[PDB]
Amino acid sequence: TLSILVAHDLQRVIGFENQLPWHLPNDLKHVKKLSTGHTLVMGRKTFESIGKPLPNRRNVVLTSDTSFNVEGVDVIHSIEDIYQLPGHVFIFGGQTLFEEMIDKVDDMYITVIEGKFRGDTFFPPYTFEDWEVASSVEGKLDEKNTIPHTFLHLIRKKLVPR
């Protein structure tokens, strides 16, 4: 399986100055539970922002840098390399990788952050006409998670004769 994994706000902002614009622990827990035991594919900037590999999953970084080498990280240099990765692969970010892959993935795990943040990087536009809502689950709010958010699992609709 090839999936997108992303959090975007009401205007599809995903980032600001190489950071997440929001503080939302529950979304990072969501990410953890979905991706443990599987594979994350991320662009170089997204990796440098996180700074280290995330434990208990395969960490794959796409970069043109032939000198790139980080302990605990596998490196690829082409989009085509993604299709040779075994198992359930999650496209993890950032904007560049989402743009390159949104037309190629089977499904998307999207956290909709129900707010409007300042951003400098965006998830590409998409329409629910093309995507079936396999599930939509409201995140629970509390002391440490104060921004309303919704977990969407979207599956690409098949084109059929009407």
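Residues carry their position along the shown sequence, with the first being 1.
Colleague: Tell me which stretch, 106 to 114 or 61 to 69, has the higher mean Cα B-factor listed in the entry.
Modeller: The deposited B-factors put 61 to 69 ahead on the C-alpha mean.
Colleague: Going by the B-factors listed in the PDB entry, is the mean over the C-alpha atoms higher for 135 to 143 or for 11 to 19?
Modeller: Going by the record's values, the stretch with the higher mean is 135 to 143.
Colleague: Would you mind checking which of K52, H38, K29, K45 has the top Cα temperature factor in the PDB entry?
Modeller: Out of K52, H38, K29, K45, the record gives the largest C-alpha B-factor to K52.
Colleague: In terms of the chain's CA B-factor thirds, is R162 lowest, middle or highest?
Modeller: Highest third of the chain for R162's C-alpha B-factor.
Colleague: Considering every modelled residue of the chain and its Cα B-factor in the PDB entry, is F92 in the lowest, middle or highest third?
Modeller: Lowest third - that is where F92 ends up once the chain's C-alpha B-factors are sorted.
Colleague: Relative to the other modelled residues in the chain, which third contains the C-alpha temperature factor of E129: lowest, middle or highest?
Modeller: It falls in the top third of the chain.
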